[PDB]
Amino acid sequence: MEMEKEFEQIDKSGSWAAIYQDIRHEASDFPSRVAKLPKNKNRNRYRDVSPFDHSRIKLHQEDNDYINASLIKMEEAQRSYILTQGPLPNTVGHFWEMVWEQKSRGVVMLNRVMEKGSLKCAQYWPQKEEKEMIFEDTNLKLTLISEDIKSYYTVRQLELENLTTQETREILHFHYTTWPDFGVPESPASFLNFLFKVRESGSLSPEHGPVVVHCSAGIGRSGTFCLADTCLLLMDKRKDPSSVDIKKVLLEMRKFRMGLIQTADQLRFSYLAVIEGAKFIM
Ligand SMILES: O=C1OC[C@@H]2N1[C@H]1CC[C@]2(O)CC1
């Protein structure tokens with residue numbers, strides 16, 4: 001079925017939970033043996049969210065190459081994404097090592113450091129120009145260059161220096177700051193505006209490594225971001241945009257990381273975002 005009228009048909013019939021459970025039943029199950037090794041316990045935020053072995057990002061290190069991060073490679077859309085958990089106190093150096101080694105231009109953050117009165121990820125970037133951060137375990141230096149605070153999101157320019165080689169690179173930090181502590185946004189308008197700002201920066205384009213996108217677990221809000229982006233790109237590429245099947249795209253993405261889209265409300269919000277976004281594109 002088309003999307004907008006399939007949407008109204010699920011609303012009128014109140015069957016979002018059943019649709020979402022079907023997706024959960026059909027989703028891929030691949031091994032995640034490296035994630036579960038005892039030496040990696042303090043590298044995982046949640047015991048039930050792990051990268052598959054076949055798609056995990058490897059650190060360029062011989063001691064321990066493990067990070068909780070997955071490469072989502074979308075062949076028809078010609079887009080790739082790295083989805084990862086919010087960094088932990090003992091993985092902030094690994095996080096920036098990955099950004100460096102994968103040649104990423106942009107980092108997309110969809111959570112606040114504290115939500116619901118608890119810490120959802122480490123404070124992993126510097127908050128003042130004159131107070132830079134050094135990660136001694138991976139030999140990187142990170143400096144805040146500029147910050148632009150808007151009503152729904154903040155964009156930061158960062159300098160990452162590989163201290164072994166003295167090479168430097170400019171990284172863009174796109175921070176969506178207004179996702180509610182509970183539920184999903186009422187309108188997709190600010191989320192779509194944010195997506196378009198990330199696109200306009202070059203951070204999603206083939207002349208760079210894959211964008212790094214995270215929330216707390218790296219599957220819920222993060223899944224919504226890449227699902228909406230890929231569906232909109234396919235609607236532009238194809239002769240028949242009504243042939244784009246959001247459930248099929250989501251199942252394709254779940255071949256590369258488990259659990260993408262965590263609730264039926266996040267599934268409905270993803271439909272809403274793609275529907276509204278397709279009208280603005282034209
Ligand atoms: O190989 C790809 O690339 C992208 C996904 N896919 C097939 C199935 C679902 C898609 O979204 C479109 C066709």
# chains A, B, ... in the order shown; residues from 1 in each chain; ligands from 1
>>> closest_atom_pairs(of="chain A", to="ligand 1", cutoff="9 Å", atoms="only C-alpha atoms and all ligand atoms", output="Markdown table")
| residue | atom | partner | partner_atom_place_in_ligand_line | distance |
| --- | --- | --- | --- | --- |
| A:73 | CA | ligand 1 | 3 (O) | 7.8 |
| A:74 | CA | ligand 1 | 3 (O) | 4.4 |
| A:75 | CA | ligand 1 | 3 (O) | 3.9 |
| A:76 | CA | ligand 1 | 3 (O) | 3.7 |
| A:77 | CA | ligand 1 | 4 (C) | 5.5 |
| A:78 | CA | ligand 1 | 3 (O) | 7.5 |
| A:79 | CA | ligand 1 | 4 (C) | 8.8 |
| A:227 | CA | ligand 1 | 11 (O) | 8.9 |
| A:230 | CA | ligand 1 | 11 (O) | 7.2 |
| A:231 | CA | ligand 1 | 11 (O) | 7.0 |
| A:234 | CA | ligand 1 | 11 (O) | 7.4 |
| A:244 | CA | ligand 1 | 11 (O) | 7.5 |
| A:245 | CA | ligand 1 | 11 (O) | 7.5 |
| A:246 | CA | ligand 1 | 11 (O) | 7.6 |
| A:247 | CA | ligand 1 | 9 (C) | 8.6 |
| A:248 | CA | ligand 1 | 9 (C) | 5.3 |
| A:249 | CA | ligand 1 | 11 (O) | 3.8 |
| A:250 | CA | ligand 1 | 11 (O) | 7.4 |
| A:251 | CA | ligand 1 | 9 (C) | 7.5 |
| A:252 | CA | ligand 1 | 9 (C) | 5.3 |
| A:253 | CA | ligand 1 | 5 (C) | 7.6 |
>>> select_by_dssp(residues="range 75-163 of chain A", states="strand (DSSP E)", output="number ranges by chain")
A: 79-84, 106-109, 114-115, 118-119, 133-135, 140-149, 153-162
>>> write_last_selection(atoms="N, CA, C and O atoms", output="compact mmCIF listing (two decimals), in the first residue's frame")
# COMPACT_ATOMS: atom_id res chain seq x y z
N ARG A 79 23.76 5.33 0.71
CA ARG A 79 24.07 6.01 1.97
C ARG A 79 24.57 4.98 2.98
O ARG A 79 24.03 3.87 3.04
N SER A 80 25.56 5.37 3.79
CA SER A 80 26.00 4.56 4.92
C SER A 80 25.94 5.39 6.21
O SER A 80 26.10 6.62 6.18
N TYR A 81 25.68 4.72 7.33
CA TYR A 81 25.62 5.35 8.66
C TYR A 81 26.35 4.46 9.66
O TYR A 81 26.29 3.23 9.58
N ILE A 82 27.01 5.06 10.65
CA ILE A 82 27.48 4.30 11.81
C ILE A 82 26.54 4.63 12.96
O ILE A 82 26.41 5.79 13.35
N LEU A 83 25.86 3.62 13.52
CA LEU A 83 25.01 3.81 14.70
C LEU A 83 25.70 3.25 15.93
O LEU A 83 26.22 2.12 15.93
N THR A 84 25.76 4.06 17.00
CA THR A 84 26.51 3.69 18.20
C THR A 84 25.76 4.16 19.45
O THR A 84 24.85 5.00 19.38
N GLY A 106 30.84 14.26 10.40
CA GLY A 106 29.81 14.71 11.33
C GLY A 106 29.48 13.67 12.38
O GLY A 106 29.61 12.47 12.15
N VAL A 107 29.06 14.18 13.55
CA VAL A 107 28.49 13.38 14.66
C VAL A 107 27.10 13.95 14.92
O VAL A 107 26.94 15.17 15.08
N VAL A 108 26.09 13.08 14.97
CA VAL A 108 24.69 13.44 15.22
C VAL A 108 24.30 12.87 16.59
O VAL A 108 24.35 11.65 16.81
N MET A 109 23.95 13.75 17.54
CA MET A 109 23.57 13.39 18.91
C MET A 109 22.09 13.73 19.13
O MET A 109 21.68 14.87 18.89
N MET A 114 21.90 14.43 30.52
CA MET A 114 20.99 13.95 31.57
C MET A 114 19.55 14.00 31.06
O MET A 114 19.10 15.03 30.55
N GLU A 115 18.83 12.88 31.22
CA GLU A 115 17.39 12.82 30.96
C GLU A 115 16.74 11.99 32.07
O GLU A 115 17.33 11.02 32.55
N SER A 118 18.83 10.97 35.21
CA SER A 118 19.92 10.00 35.18
C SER A 118 20.84 10.30 34.00
O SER A 118 20.42 10.94 33.03
N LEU A 119 22.09 9.84 34.09
CA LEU A 119 23.04 10.11 33.02
C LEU A 119 22.79 9.14 31.85
O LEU A 119 22.72 7.93 32.04
N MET A 133 40.20 18.93 25.51
CA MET A 133 40.20 17.58 26.08
C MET A 133 41.31 16.77 25.45
O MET A 133 41.51 16.82 24.23
N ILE A 134 42.03 16.00 26.26
CA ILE A 134 43.03 15.06 25.78
C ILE A 134 42.61 13.65 26.21
O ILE A 134 42.25 13.42 27.37
N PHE A 135 42.62 12.72 25.25
CA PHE A 135 42.27 11.32 25.49
C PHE A 135 43.59 10.56 25.43
O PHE A 135 44.13 10.32 24.34
N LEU A 140 44.54 11.40 21.26
CA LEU A 140 43.80 12.39 20.50
C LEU A 140 43.56 13.63 21.36
O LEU A 140 43.37 13.54 22.59
N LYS A 141 43.51 14.79 20.70
CA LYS A 141 43.14 16.06 21.32
C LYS A 141 41.92 16.64 20.62
O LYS A 141 41.79 16.57 19.39
N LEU A 142 41.00 17.18 21.42
CA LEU A 142 39.72 17.67 20.92
C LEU A 142 39.46 19.08 21.46
O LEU A 142 39.42 19.26 22.68
N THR A 143 39.26 20.04 20.56
CA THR A 143 39.05 21.46 20.89
C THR A 143 37.74 21.99 20.34
O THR A 143 37.40 21.76 19.16
N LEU A 144 37.00 22.74 21.17
CA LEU A 144 35.80 23.45 20.73
C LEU A 144 36.22 24.71 19.96
O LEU A 144 36.90 25.57 20.54
N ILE A 145 35.78 24.83 18.71
CA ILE A 145 36.11 25.98 17.84
C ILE A 145 35.02 27.05 17.85
O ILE A 145 35.32 28.25 17.90
N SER A 146 33.74 26.64 17.81
CA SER A 146 32.60 27.54 17.81
C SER A 146 31.35 26.73 18.13
O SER A 146 31.34 25.49 18.03
N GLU A 147 30.31 27.45 18.54
CA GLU A 147 29.04 26.87 18.98
C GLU A 147 27.93 27.81 18.55
O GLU A 147 28.02 29.01 18.79
N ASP A 148 26.88 27.26 17.92
CA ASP A 148 25.70 28.03 17.50
C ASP A 148 24.45 27.39 18.11
O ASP A 148 24.04 26.30 17.70
N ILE A 149 23.84 28.05 19.10
CA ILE A 149 22.70 27.51 19.85
C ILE A 149 21.40 28.05 19.27
O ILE A 149 21.17 29.27 19.27
N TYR A 153 18.05 22.85 18.33
CA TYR A 153 19.31 22.14 18.19
C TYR A 153 20.47 23.12 18.29
O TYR A 153 20.30 24.33 18.16
N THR A 154 21.65 22.56 18.54
CA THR A 154 22.92 23.26 18.60
C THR A 154 23.89 22.62 17.61
O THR A 154 23.93 21.38 17.50
N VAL A 155 24.65 23.44 16.87
CA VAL A 155 25.74 22.98 16.00
C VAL A 155 27.07 23.48 16.53
O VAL A 155 27.26 24.69 16.70
N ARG A 156 28.02 22.58 16.66
CA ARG A 156 29.37 22.90 17.11
C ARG A 156 30.41 22.53 16.06
O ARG A 156 30.31 21.49 15.40
N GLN A 157 31.41 23.40 15.91
CA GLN A 157 32.63 23.07 15.18
C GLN A 157 33.70 22.62 16.16
O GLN A 157 33.96 23.31 17.17
N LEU A 158 34.29 21.44 15.90
CA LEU A 158 35.32 20.83 16.73
C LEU A 158 36.57 20.56 15.91
O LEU A 158 36.49 20.31 14.69
N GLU A 159 37.75 20.64 16.54
CA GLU A 159 39.01 20.22 15.92
C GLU A 159 39.50 18.96 16.61
O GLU A 159 39.69 18.94 17.83
N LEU A 160 39.70 17.91 15.82
CA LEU A 160 40.28 16.66 16.31
C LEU A 160 41.71 16.53 15.78
O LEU A 160 41.94 16.62 14.57
N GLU A 161 42.66 16.36 16.69
CA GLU A 161 44.07 16.22 16.34
C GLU A 161 44.57 14.85 16.74
O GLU A 161 44.45 14.44 17.89
N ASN A 162 45.15 14.15 15.78
CA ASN A 162 45.88 12.91 16.05
C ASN A 162 47.26 13.29 16.55
O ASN A 162 48.09 13.77 15.78
>>> residues_around(residues="residue 16 in chain A", least_positions_apart="3", cutoff="9 Å", atoms="only C-alpha atoms", output="list in words")
residues 10, 11, 13, 19, 20, 21, 264, 265, 267 and 268 of chain A
>>> closest_residue(among="A:38, A:202, A:86, A:188", to="residue 271 in chain A", atoms="only C-alpha atoms")
A:188
>>> atom_distance(atom1="CA of residue 45 in chain A", atom2="CA of residue 205 in chain A")
29.5 Å
>>> residues_around(residues="residue 186 in chain A", least_positions_apart="2", cutoff="12 Å", atoms="only C-alpha atoms", output="ChimeraX atom specification")
/A:178-180,182-184,188-191,265-266,268-270,272-273
>>> write_last_selection(atoms="N, CA, C and O atoms", output="PDB file, in the first residue's frame")
ATOM      1  N   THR A 178      15.883  18.799  21.919  1.00  0.00           N
ATOM      2  CA  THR A 178      14.498  18.969  22.353  1.00  0.00           C
ATOM      3  C   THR A 178      13.627  17.712  22.218  1.00  0.00           C
ATOM      4  O   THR A 178      12.399  17.813  22.338  1.00  0.00           O
ATOM      5  N   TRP A 179      14.195  16.520  22.006  1.00  0.00           N
ATOM      6  CA  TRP A 179      13.361  15.306  22.053  1.00  0.00           C
ATOM      7  C   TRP A 179      12.841  15.126  23.485  1.00  0.00           C
ATOM      8  O   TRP A 179      13.634  15.179  24.433  1.00  0.00           O
ATOM      9  N   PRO A 180      11.548  14.905  23.678  1.00  0.00           N
ATOM     10  CA  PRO A 180      10.999  14.878  25.053  1.00  0.00           C
ATOM     11  C   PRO A 180      11.477  13.680  25.864  1.00  0.00           C
ATOM     12  O   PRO A 180      11.785  12.613  25.334  1.00  0.00           O
ATOM     13  N   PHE A 182       9.838  11.682  27.691  1.00  0.00           N
ATOM     14  CA  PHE A 182       8.910  10.580  27.422  1.00  0.00           C
ATOM     15  C   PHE A 182       8.228  10.738  26.055  1.00  0.00           C
ATOM     16  O   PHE A 182       7.930  11.856  25.628  1.00  0.00           O
ATOM     17  N   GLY A 183       7.976   9.618  25.380  1.00  0.00           N
ATOM     18  CA  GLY A 183       7.253   9.676  24.112  1.00  0.00           C
ATOM     19  C   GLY A 183       8.075  10.205  22.928  1.00  0.00           C
ATOM     20  O   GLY A 183       9.310  10.089  22.897  1.00  0.00           O
ATOM     21  N   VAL A 184       7.357  10.747  21.948  1.00  0.00           N
ATOM     22  CA  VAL A 184       7.944  11.293  20.713  1.00  0.00           C
ATOM     23  C   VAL A 184       7.405  12.704  20.507  1.00  0.00           C
ATOM     24  O   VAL A 184       6.391  13.083  21.116  1.00  0.00           O
ATOM     25  N   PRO A 188       6.668  16.457  13.458  1.00  0.00           N
ATOM     26  CA  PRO A 188       8.016  16.141  12.960  1.00  0.00           C
ATOM     27  C   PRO A 188       8.758  17.331  12.386  1.00  0.00           C
ATOM     28  O   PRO A 188       9.873  17.157  11.881  1.00  0.00           O
ATOM     29  N   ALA A 189       8.181  18.535  12.440  1.00  0.00           N
ATOM     30  CA  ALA A 189       8.749  19.662  11.715  1.00  0.00           C
ATOM     31  C   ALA A 189      10.156  20.005  12.194  1.00  0.00           C
ATOM     32  O   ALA A 189      11.042  20.238  11.374  1.00  0.00           O
ATOM     33  N   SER A 190      10.407  20.051  13.519  1.00  0.00           N
ATOM     34  CA  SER A 190      11.750  20.433  13.946  1.00  0.00           C
ATOM     35  C   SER A 190      12.770  19.322  13.686  1.00  0.00           C
ATOM     36  O   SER A 190      13.923  19.625  13.388  1.00  0.00           O
ATOM     37  N   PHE A 191      12.352  18.052  13.778  1.00  0.00           N
ATOM     38  CA  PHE A 191      13.249  16.931  13.471  1.00  0.00           C
ATOM     39  C   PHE A 191      13.652  16.940  12.001  1.00  0.00           C
ATOM     40  O   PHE A 191      14.832  16.750  11.680  1.00  0.00           O
ATOM     41  N   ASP A 265       5.187   3.888  19.038  1.00  0.00           N
ATOM     42  CA  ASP A 265       5.117   5.346  18.880  1.00  0.00           C
ATOM     43  C   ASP A 265       6.252   5.879  18.011  1.00  0.00           C
ATOM     44  O   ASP A 265       6.045   6.812  17.232  1.00  0.00           O
ATOM     45  N   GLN A 266       7.467   5.340  18.181  1.00  0.00           N
ATOM     46  CA  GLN A 266       8.571   5.703  17.287  1.00  0.00           C
ATOM     47  C   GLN A 266       8.302   5.259  15.851  1.00  0.00           C
ATOM     48  O   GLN A 266       8.696   5.959  14.912  1.00  0.00           O
ATOM     49  N   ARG A 268       5.246   5.032  14.395  1.00  0.00           N
ATOM     50  CA  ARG A 268       4.283   6.002  13.870  1.00  0.00           C
ATOM     51  C   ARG A 268       4.945   7.342  13.577  1.00  0.00           C
ATOM     52  O   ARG A 268       4.667   7.968  12.547  1.00  0.00           O
ATOM     53  N   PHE A 269       5.847   7.794  14.458  1.00  0.00           N
ATOM     54  CA  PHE A 269       6.523   9.061  14.242  1.00  0.00           C
ATOM     55  C   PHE A 269       7.383   9.024  12.976  1.00  0.00           C
ATOM     56  O   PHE A 269       7.483  10.030  12.260  1.00  0.00           O
ATOM     57  N   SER A 270       8.009   7.880  12.700  1.00  0.00           N
ATOM     58  CA  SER A 270       8.819   7.747  11.483  1.00  0.00           C
ATOM     59  C   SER A 270       7.950   7.874  10.231  1.00  0.00           C
ATOM     60  O   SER A 270       8.330   8.573   9.284  1.00  0.00           O
ATOM     61  N   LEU A 272       5.119   9.552  10.061  1.00  0.00           N
ATOM     62  CA  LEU A 272       4.736  10.963   9.983  1.00  0.00           C
ATOM     63  C   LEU A 272       5.845  11.803   9.389  1.00  0.00           C
ATOM     64  O   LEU A 272       5.589  12.723   8.604  1.00  0.00           O
ATOM     65  N   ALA A 273       7.085  11.565   9.824  1.00  0.00           N
ATOM     66  CA  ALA A 273       8.205  12.357   9.334  1.00  0.00           C
ATOM     67  C   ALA A 273       8.406  12.188   7.829  1.00  0.00           C
ATOM     68  O   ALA A 273       8.678  13.166   7.122  1.00  0.00           O
TER      69      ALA A 273
END
>>> atom_distance(atom1="CA of residue 91 in chain A", atom2="CA of residue 229 in chain A")
27.8 Å
>>> closest_atom_pairs(of="range 1-71 of chain A", to="range 93-97 of chain A", cutoff="12 Å", atoms="only C-alpha atoms", output="Markdown table")
| residue | atom | partner | partner_atom | distance |
| --- | --- | --- | --- | --- |
| A:43 | CA | A:94 | CA | 9.5 |
| A:57 | CA | A:95 | CA | 10.8 |
| A:58 | CA | A:94 | CA | 10.3 |
| A:59 | CA | A:97 | CA | 7.3 |
| A:60 | CA | A:97 | CA | 8.4 |
| A:61 | CA | A:97 | CA | 9.8 |
| A:64 | CA | A:94 | CA | 10.3 |
| A:65 | CA | A:94 | CA | 9.2 |
| A:66 | CA | A:94 | CA | 8.7 |
| A:67 | CA | A:94 | CA | 7.0 |
| A:68 | CA | A:95 | CA | 9.4 |
| A:69 | CA | A:95 | CA | 9.2 |
>>> select_by_dssp(residues="range 91-202 of chain A", states="alpha helix (DSSP H)", output="NGL selection string")
:A and (92-101 or 189-200)
